[PDB]
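Engineer: Quick one: the structure is below, and I'll ask about it shortly.
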Amino acid sequence: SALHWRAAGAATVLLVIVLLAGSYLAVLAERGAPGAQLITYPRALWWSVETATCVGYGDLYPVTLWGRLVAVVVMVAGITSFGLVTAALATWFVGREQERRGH
Amino acid sequence: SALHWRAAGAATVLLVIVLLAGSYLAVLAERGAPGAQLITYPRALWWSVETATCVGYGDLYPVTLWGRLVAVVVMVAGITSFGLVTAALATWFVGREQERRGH
Amino acid sequence: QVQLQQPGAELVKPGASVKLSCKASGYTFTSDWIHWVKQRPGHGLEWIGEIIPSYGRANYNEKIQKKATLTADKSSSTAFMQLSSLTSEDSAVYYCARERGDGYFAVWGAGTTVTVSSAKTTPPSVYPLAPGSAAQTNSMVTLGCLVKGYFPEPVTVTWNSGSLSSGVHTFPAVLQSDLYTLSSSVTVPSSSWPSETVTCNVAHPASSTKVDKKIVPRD
Amino acid sequence: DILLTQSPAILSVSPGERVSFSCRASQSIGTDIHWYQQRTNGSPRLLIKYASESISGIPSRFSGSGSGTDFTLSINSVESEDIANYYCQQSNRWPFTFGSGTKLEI
Amino acid sequence: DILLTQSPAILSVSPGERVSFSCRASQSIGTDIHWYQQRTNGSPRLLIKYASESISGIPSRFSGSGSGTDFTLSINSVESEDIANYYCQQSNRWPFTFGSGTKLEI
Ligand SMILES: CCCCCCCCCO
Ligand SMILES: CCCCCCCCCO
């Protein structure tokens, strides 16, 4: 298995870990803030996914400093992870095309 | 240190600078507009991050011409910066794979 | 089996403090939160606060005066609530409840009755209530037991160690001169007594006393 | 903080009839409402979670409905054992809050 | 522009009792409400920020609560020095606005 594919897999497992810890930590950070909605684990997990993918419907979001800091980590982990898959796909195509060109 | 890694770092520091100036300038542009919510620095900084990552929950956003212009700069800086990290990752994988292929 | 175990009562002098306990059993998850709810006589449920044992973080109701401090012991799976400098306003039943981090209280404790008073604990005197000699019986006979002179609340009255639940009324206590008094009523087929025994069991958690009293015909 | 209004405070019904308890939230809370039953000297007991989801062990005559700001707890054919106080509770926003409760009389 | 309603305009309480001031916003403002105390001929003084966060130097008997449109400033065991006017102020939307104020009488 080439590096890029290995890194892709690793990036994926790591994202899953960030999502779960992010969901757990968001609840921990947000409970105690009057008005917060990111306070139960099931929807927090959903919030973590739509944040990692940067969709951000706006149905749920953190209102506290630490909830927001946790959100930033999730955003960056998602962007980085998917960005890394793109780079792996590019490498795959670059390699295949170099062969097809007989180089 | 190869170019792409250097550019990545530089892109990161620059993004941080854009976020801080963006937060400062958004407040400056939005105060004075009846109904605006992007008017205190702490949440403005949070707004700048969720804008740079293009998450856009919709909890905060500019209502004025200049606030919106500032937002565009933040969006572009974020997209460009993260896009640049992706390109750096691709270069890294392309280089490693070329070696592994004995080229 | 009971998921949350709480002591039945606690007497506290005005100004003093007490530490209520809540021992949990059954499934335990890192996502569990133990809540505390206050219920004054005749009133509704009032949320006091919550704590997540897996982390030790606690949040409190901001609308009321802070009287509690929540802690938890992961090894003994016990949650504690320290109520301090109490007044008669703090007299109420305090329930602990478990929430799986999904918003609802799936299970509640039996609750601890806290009484803030200067009076002294006093176990109850339990007297039997058997029909008079000239009392004519029907297809049913009514018996009872008098639980007099105790403090503070509450007392739990059972019949035949709990095996006799149907036909039982335990009247609300009445307060007079720092002492409570109530009676419990049980009705069984006249043909079954006194052939089949009838005994009332009275527990008074505040004084760690549980006494029995067999009801036998007057003679 | 979300205010939960339970009105009327007391509901009288004849044995066997269908009864409905009202719970109105001060703002929209989706379906994050839960219902509890509390009998005299007993501890609260979960009846319905998330507005309409049934709980195991709870009689089938118990059901809930509604979304947004208005919710209903219904009992099909009420019987003596249903005599108790009924409370709604919200978990949409922090802090969780409880309604004032409605008593069922037969 | 956000209207802040402080009613009643005057609150009378006996010494030592707990008192609560109401502040209602014309629209939801999260927890962006702040409370000030103004004694006769004195300048306003910050008591609570962001609805419930305490300020250093301010007695512990002062606390605030609420979120959304309804807020409360509470004083546990009021004493003579608490006699003054109390104002709420919002910073959720431009422009910042002040409530009409409630006077505390003992
Ligand atoms: C990235 C680290 C997150 C830590 C979250 C702690 C939350 C504490 C809230 O009071
Ligand atoms: C990118 C330049 C932003 C300048 C912002 C100025 C705001 C002035 C508002 O009246």
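Cβ sites come from the backbone with ideal geometry, for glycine too, and all protein chains shown count toward neighbours. Throughout, read-outs are computed from the coordinates displayed, never taken from laboratory work.
Engineer: By how many degrees, 0 to 90 and rounded to 10, does the Cα axis of helix A:41-52 deviate from the longest principal axis of chain A?
Structural biologist: 40
Engineer: Still on this structure, I have one more. In the neighborhood of B:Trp66, defined by Cβ-to-Cβ distances under 15 Å, what is the net charge if each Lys or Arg adds +1 and each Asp or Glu adds -1?
Structural biologist: With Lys, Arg at +1 and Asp, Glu at -1, the net is +1.
Engineer: Something else about it: Just to confirm the numbers: B:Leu28, label point 7 angstrom along the Cα-Cβ line, distances to the other copies in nm, shortest first?
Structural biologist: 3.9
Engineer: Among D:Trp35, B:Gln37, C:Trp47, pick out the residue whose Cα is farthest towards the positive end of the charge dipole of the protein assembly as shown, where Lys and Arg carry +1 and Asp and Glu carry -1 on C-beta, about the Cα centre.
Structural biologist: Checking the options against the dipole of the protein assembly as shown, the answer is B:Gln37.
Engineer: What percent does the relative contact order of chain D come to when contacts are Cα pairs within less than 8 Å and at least six residues apart?
Structural biologist: For chain D, the relative contact order is 39 percent.
Engineer: Output the pairs from C:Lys19/C:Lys148; C:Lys63/E:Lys103; C:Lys74/C:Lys213; C:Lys74/E:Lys49; C:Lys23/C:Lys214; C:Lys67/E:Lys49 with a Cα-Cα distance over 32 Å in this structure; if there are none, say none.
Structural biologist: With Cα atoms farther than 32 Å apart: C:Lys74/C:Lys213; C:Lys74/E:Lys49; C:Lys23/C:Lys214.
Engineer: Right, next: Rounded to whole Å, give me the distance from the Cα center of region B:15-56 to that of region D:54-101.
Structural biologist: 43
Engineer: Another one. With charges only on Cβ, +1 for K and R and -1 for D and E, what is the dipole size of chain D about its Cα centre, in debye, rounded to 20?
Structural biologist: Roughly 120 debye, rounded to the nearest 20.
Engineer: Apply 1/(1 + (r/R0)^6) to the Cβ-Cβ distance of C:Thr87 and E:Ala9, taking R0 = 41 Å, and write down the FRET efficiency to the nearest 0.05.
Structural biologist: Between C:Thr87 and E:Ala9 the formula returns 0.85.
Engineer: Turning to a different aspect of this structure: Let me know the mean shielding of D:36-48 by other chains, meaning the per-residue number of their Cβ atoms within 10 Å of its Cβ.
Structural biologist: Mean inter-chain Cβ contacts per residue within 10 Å come to 4.
Engineer: Could you check the spin-label model distance between B:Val63 and D:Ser65? Points 7 Å from the Cα along Cα→Cβ, value in nm.
Structural biologist: 4.0
Engineer: So who's got an amide H within less than 5 Å of the one on C:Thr209, skipping anything under 5 residues away but keeping other chains? H placed 1.01 Å off N, in plane.
Structural biologist: Residues meeting the criterion, in which the H sits 1.01 Å from N, are C:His204.
Engineer: Which residue in chain A puts its Cβ closest to the axis that rotates chain A onto chain B, and at what distance in whole Å?
Structural biologist: A:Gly58, 3
Engineer: Net charge around A:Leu28, counting only other residues with Cβ within less than 13 Å of its Cβ (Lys, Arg = +1; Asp, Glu = -1)?
Structural biologist: Counting the neighbours of A:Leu28, the net charge comes to -1.
Engineer: When the convex hull of the Cα atoms of the protein assembly as shown is projected onto a plane and the area is averaged over all directions, what value comes out in nm²?
Structural biologist: Mean orientational projected area (the protein assembly as shown, Cα hull): 39.9 nm².
Engineer: Full-extension gain between A:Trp5 and A:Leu89, please, as 0.36 nm times their residue separation minus the C-alpha to C-alpha distance.
Structural biologist: 29.4 nm
Engineer: Using the charge dipole of chain B (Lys, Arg: +1 at Cβ; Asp, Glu: -1 at Cβ; taken about the Cα centre), state which of B:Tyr24, B:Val72, B:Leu89 has its Cα farthest towards the positive end.
Structural biologist: After comparing all options, I get B:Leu89.
Engineer: Follow-up question, since we're still on this one. Placing unit charges on C-beta atoms (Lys and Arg positive, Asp and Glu negative, everything else neutral), compute the dipole magnitude of chain A about its Cα centre in debye, rounded to 20.
Structural biologist: 200
Engineer: To continue, here is another question. Given the -39500 (n - 2.57) contribution per DSSP H run of 4+ residues, what per-residue ellipticity at 222 nm results for chain A, rounded to the nearest 500 deg cm²/dmol?
Structural biologist: -26000 deg cm²/dmol
Engineer: I would also like to ask the following. Taking a label point 7 Å out from Cα toward Cβ, give me the nm distances from A:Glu97 to the same spot in the other copies, shortest first, one decimal.
Structural biologist: In nanometres, ordered from closest: 1.1.
Engineer: So the label point sits 7 Å from Cα along the Cα-to-Cβ vector; using that for A:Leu69, what distances do you get to the other copies, in nanometres, sorted shortest first?
Structural biologist: List, nearest first: 3.5 nm.
Engineer: Could you work out Rg/(2.2 N^0.38 Å) for chain C, with Rg from alpha carbons only?
Structural biologist: 1.21
Engineer: Remind me, what semi-axes does chain A give for its equivalent ellipsoid, largest first in whole Å, using sqrt of 5 times each Cα gyration tensor eigenvalue?
Structural biologist: Those come to 37, 11, 9 Å.
Engineer: Positive end of the charge dipole of region C:1-118 (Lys, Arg +1 and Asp, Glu -1 on Cβ, about the Cα centre): tell me which of C:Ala72, C:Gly111, C:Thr30 has its Cα farthest that way.
Structural biologist: C:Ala72
Engineer: Please give, to one decimal in nm, the separation of the simple spin-label points placed at C:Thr121 and E:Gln27, each 7 Å out from Cα toward the Cβ.
Structural biologist: A separation of 6.0 nm, rounded to one decimal place.
Engineer: Sticking with this structure for a sec: Which of rounded, prolate or oblate describes chain E when judged by the alpha-carbon gyration tensor and an a/c cut-off of 1.5?
Structural biologist: Prolate, because a/c is 1.5 or more and a/b exceeds b/c.
Engineer: If all Cα-Cα distances of region C:1-121 are sorted into 5 Å bins from 0 onward, what percent lands in each bin, rounded to whole numbers?
Structural biologist: Reading upward from the zero bin: 2, 12, 23, 25, 19, 11, 6, 2, 0.
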